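Structure first, then comments.
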Amino acid sequence: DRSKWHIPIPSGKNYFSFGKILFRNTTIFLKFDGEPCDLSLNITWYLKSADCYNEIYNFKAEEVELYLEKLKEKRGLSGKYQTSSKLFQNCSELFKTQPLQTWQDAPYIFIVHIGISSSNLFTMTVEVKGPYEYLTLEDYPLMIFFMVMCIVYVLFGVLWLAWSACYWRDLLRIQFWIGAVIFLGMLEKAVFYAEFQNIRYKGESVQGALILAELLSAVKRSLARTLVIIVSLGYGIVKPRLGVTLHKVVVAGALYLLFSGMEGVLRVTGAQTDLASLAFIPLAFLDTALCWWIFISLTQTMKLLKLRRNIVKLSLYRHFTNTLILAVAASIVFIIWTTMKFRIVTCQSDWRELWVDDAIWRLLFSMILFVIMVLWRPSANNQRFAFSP
Ligand SMILES: *[C@@H]1O[C@H](CO)[C@@H](O[C@@H]2O[C@H](CO)[C@@H](O[C@@H]3O[C@H](CO)[C@@H](O)[C@H](O)[C@@H]3O)[C@H](O)[C@H]2NC(C)=O)[C@H](O)[C@H]1NC(C)=O
Ligand SMILES: *[C@@H]1O[C@H](CO)[C@@H](O[C@@H]2O[C@H](CO)[C@@H](O)[C@H](O)[C@H]2NC(C)=O)[C@H](O)[C@H]1NC(C)=O
Ligand SMILES: *[C@@H]1O[C@H](CO)[C@@H](O[C@@H]2O[C@H](CO)[C@@H](O)[C@H](O)[C@H]2NC(C)=O)[C@H](O)[C@H]1NC(C)=O
Ligand SMILES: O=C(O)[C@H](O)[C@@H](O)[C@H](O)[C@H](O)CO
């Protein structure tokens, strides 16, 4: 996901190709540097538009040499293209013209080939610049989304801090970890925004910002799941804090984080080593099992509360269960819709809305967290949610 390319031309077949999605009226800059010239050069560049996104996704450089001829023979795909070629005696390195600008916003495939006629000799610098300095399309909406999420989490943290300050006299231990979750979200969104700003204004992504961000996301989700499990079991809320009730159970249930650590990082550093897609299923199955456990535990706790005729906590648990069930239903609907809208079409004819699959989950999590926070608002009578032996 870069925007600048440095390449030693005397390497392999010398073909340099890239498939991306660009804005409209975006220029491409080519520069050459190196040692003096003693031989003849031939340059040939092709720029092809895309009709539907599939070709970009499955574009393999290994067969470029064939793909080019596949475009010449007309058994490729529709879409107008611009081709050009030039000759240089020895170097003519101080060259101007190398028209070559985008005419319509859509997926693009760019290919450049160099033929030498008579060891590293030259070095090619390739840049792409649109209306924004280096922020190519497919990232602008994502950057806006991350900025908005940063603002929303800042507001959430401010509200939580104000509420805690206004009722600092007495607080609940379970009520403290909300602050930790908010802090983790703050760090995650800040890292996203900083990385995106750096990429836009420099053209190169951070060395390891994505890995740290994925680790933070996994940690936050694991903490949320463990807190939900503990609240559902009623540990410290309905039943007393028994010696070994979460011991070996709740903590032993944190291995979910590990499975999250083998998915987000992988997804980020896509390697496609036959394990990229496979890591997705087991995590979903584990989450389904966790929900299966949670609902049963929550039903048992509701029965126990009904037995002893407790009123205040009964309504709170009813609201909690309603919110959780609605969240689960919404998540299932969203997953089914994404699966039936993105991975069923012959080829994706709607390339605009592919960033939604990586943003909807965060928005849903933020909404659920906000609802949960609203449920547990600190107040003067902040002791009803205690065991009270
Ligand atoms: C290496 O590349 C350069 C640039 O493509 C070749 O051009 C050299 O630079 C001059 C500058 O114009 C070329 O024009 C010549 O100008 C002289 C007057 O100074 C004129 O009498 C010639 O008829 C010609 O128009 C010229 O072609 C050439 N000159 C020199 C001294 O190199 C250059 O030829 C290339 N060198 C090799 C070895 O291929
Ligand atoms: C395409 O983008 C370029 C660069 O953003 C535009 O170039 C500017 O055009 C306006 C009006 O045409 C000028 O006032 C500016 O001076 C130009 N920029 C520079 C750096 O000179 C261009 O107008 C856009 N449209 C087309 C059709 O090229
Ligand atoms: C520079 O490279 C291009 C790409 O191969 C050459 O274009 C071909 O050149 C010969 C001329 O007959 C044949 O392979 C084809 O007819 C050309 N392809 C076309 C016209 O699409 C080009 O000739 C090279 N420049 C030279 C040789 O000066
Ligand atoms: O992989 C993802 O994009 C998300 O982490 C989802 O898995 C949610 O966490 C979840 O399944 C609902 O709780």
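The chains in the structure tokens are called A, B, ... from first to last as shown; in each chain the residues are counted from 1, and the ligands are counted from 1 in the order shown.
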Step one, run DSSP on the backbone; step two, keep only residues of region 189-323 of chain A assigned to helix (DSSP H, G or I); then write them as number ranges by chain. A: 189-202, 209-233, 252-261, 264-268, 280-308, 312-323
Expected answer as a PyMOL selection string: residues within 10 Å of ligand 2, only C-alpha atoms and all ligand atoms: chain A and resi 24-27+101-103+129-133
Atom-to-atom span, CA of residue 108 (chain A) and CA of residue 49 (chain A), Å: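 These atoms are spaced 4.7 Å apart.
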Write down as a PyMOL selection string the residues belonging to region 114-282 of chain A that are assigned strand (DSSP E or B) by DSSP computed on the backbone. chain A and resi 114-117+122-129+235+239
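Pocket residues of ligand 3, taken as those with any atom at most 7 Å away using only C-alpha atoms and all ligand atoms, are residues 42, 43, 44, 85, 86, 87 and 115 of chain A.
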Residues at most 7 Å from ligand 4, using only C-alpha atoms and all ligand atoms? Could they come as an MDAnalysis selection string? chainID A and resid 221 284 287 328 331 361
Please write out the residues within 8 Å of ligand 1 as a JSON list (two decimals) with N, CA, C and O atoms, in the first residue's frame, counting only C-alpha atoms and all ligand atoms.
```
[["chain", "number", "residue", "atom", "x", "y", "z"],
["A", 37, "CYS", "N", 25.85, 6.90, -19.44],
["A", 37, "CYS", "CA", 25.20, 6.04, -20.41],
["A", 37, "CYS", "C", 26.15, 5.64, -21.54],
["A", 37, "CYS", "O", 26.98, 6.43, -21.98],
["A", 38, "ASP", "N", 26.01, 4.39, -21.99],
["A", 38, "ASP", "CA", 26.81, 3.89, -23.10],
["A", 38, "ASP", "C", 26.05, 2.97, -24.05],
["A", 38, "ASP", "O", 26.66, 2.44, -24.98],
["A", 39, "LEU", "N", 24.74, 2.78, -23.86],
["A", 39, "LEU", "CA", 23.99, 1.83, -24.67],
["A", 39, "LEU", "C", 22.59, 2.36, -24.93],
["A", 39, "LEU", "O", 22.13, 3.31, -24.30],
["A", 88, "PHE", "N", 15.87, 5.91, -26.79],
["A", 88, "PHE", "CA", 16.93, 6.78, -26.30],
["A", 88, "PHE", "C", 18.26, 6.22, -26.75],
["A", 88, "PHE", "O", 18.53, 5.02, -26.57],
["A", 89, "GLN", "N", 19.10, 7.07, -27.35],
["A", 89, "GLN", "CA", 20.36, 6.61, -27.91],
["A", 89, "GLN", "C", 21.20, 5.91, -26.84],
["A", 89, "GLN", "O", 21.45, 4.71, -26.92],
["A", 90, "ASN", "N", 21.66, 6.68, -25.85],
["A", 90, "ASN", "CA", 22.43, 6.14, -24.74],
["A", 90, "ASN", "C", 21.78, 6.34, -23.38],
["A", 90, "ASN", "O", 21.50, 5.35, -22.70],
["A", 91, "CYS", "N", 21.53, 7.58, -22.95],
["A", 91, "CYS", "CA", 20.71, 7.76, -21.76],
["A", 91, "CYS", "C", 19.64, 8.84, -21.90],
["A", 91, "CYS", "O", 18.50, 8.64, -21.46],
["A", 92, "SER", "N", 20.14, 10.04, -22.52],
["A", 92, "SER", "CA", 19.29, 11.22, -22.50],
["A", 92, "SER", "C", 18.61, 11.36, -21.14],
["A", 92, "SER", "O", 17.40, 11.59, -21.04]]
```
Quick one: everything within 10 Å of residue 286 (chain A), counting only C-alpha atoms, minus sequence neighbours fewer than 6 positions away in the same chain. Send it as a PDB file with C-alpha atoms, in the first residue's frame.
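Result went into selection_3.pdb, see below:
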```pdb
ATOM      1  CA  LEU A 255      -6.755 -17.869  24.719  1.00  0.00           C
ATOM      2  CA  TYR A 256      -9.192 -16.170  22.345  1.00  0.00           C
ATOM      3  CA  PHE A 259      -6.345 -16.627  18.055  1.00  0.00           C
ATOM      4  CA  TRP A 292     -23.426 -20.132  23.624  1.00  0.00           C
TER       5      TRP A 292
END
```
Selection: 10 Å around residue 14 (chain A), only C-alpha atoms, excl. self and same-chain fewer than 5 positions, as a VMD selection string: chain A and resid 7 to 9 112 to 116
Could you please take those selected residues and save N, CA and C atoms as an mmCIF file, in the first residue's frame?
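result-v6.cif, freshly written:
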```
data_model
loop_
_atom_site.group_PDB
_atom_site.id
_atom_site.type_symbol
_atom_site.label_atom_id
_atom_site.label_comp_id
_atom_site.auth_asym_id
_atom_site.auth_seq_id
_atom_site.Cartn_x
_atom_site.Cartn_y
_atom_site.Cartn_z
ATOM 1 N N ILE A 7 13.409 1.379 -7.914
ATOM 2 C CA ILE A 7 13.696 0.086 -8.531
ATOM 3 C C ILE A 7 15.020 0.111 -9.285
ATOM 4 N N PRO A 8 15.930 -0.821 -9.014
ATOM 5 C CA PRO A 8 17.093 -0.989 -9.894
ATOM 6 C C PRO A 8 16.698 -1.692 -11.182
ATOM 7 N N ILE A 9 16.685 -0.950 -12.293
ATOM 8 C CA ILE A 9 16.124 -1.490 -13.536
ATOM 9 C C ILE A 9 16.823 -2.765 -13.982
ATOM 10 N N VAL A 112 5.298 -1.003 -17.212
ATOM 11 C CA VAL A 112 6.405 -0.349 -17.897
ATOM 12 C C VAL A 112 7.493 -1.383 -18.148
ATOM 13 N N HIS A 113 8.036 -1.378 -19.364
ATOM 14 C CA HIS A 113 9.058 -2.326 -19.776
ATOM 15 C C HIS A 113 10.217 -1.581 -20.418
ATOM 16 N N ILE A 114 11.433 -2.019 -20.100
ATOM 17 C CA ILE A 114 12.657 -1.401 -20.588
ATOM 18 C C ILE A 114 13.483 -2.457 -21.306
ATOM 19 N N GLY A 115 13.917 -2.138 -22.521
ATOM 20 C CA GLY A 115 14.792 -2.998 -23.296
ATOM 21 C C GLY A 115 16.132 -2.317 -23.520
ATOM 22 N N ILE A 116 17.202 -3.030 -23.184
ATOM 23 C CA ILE A 116 18.562 -2.509 -23.261
ATOM 24 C C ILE A 116 19.281 -3.204 -24.407
#
```
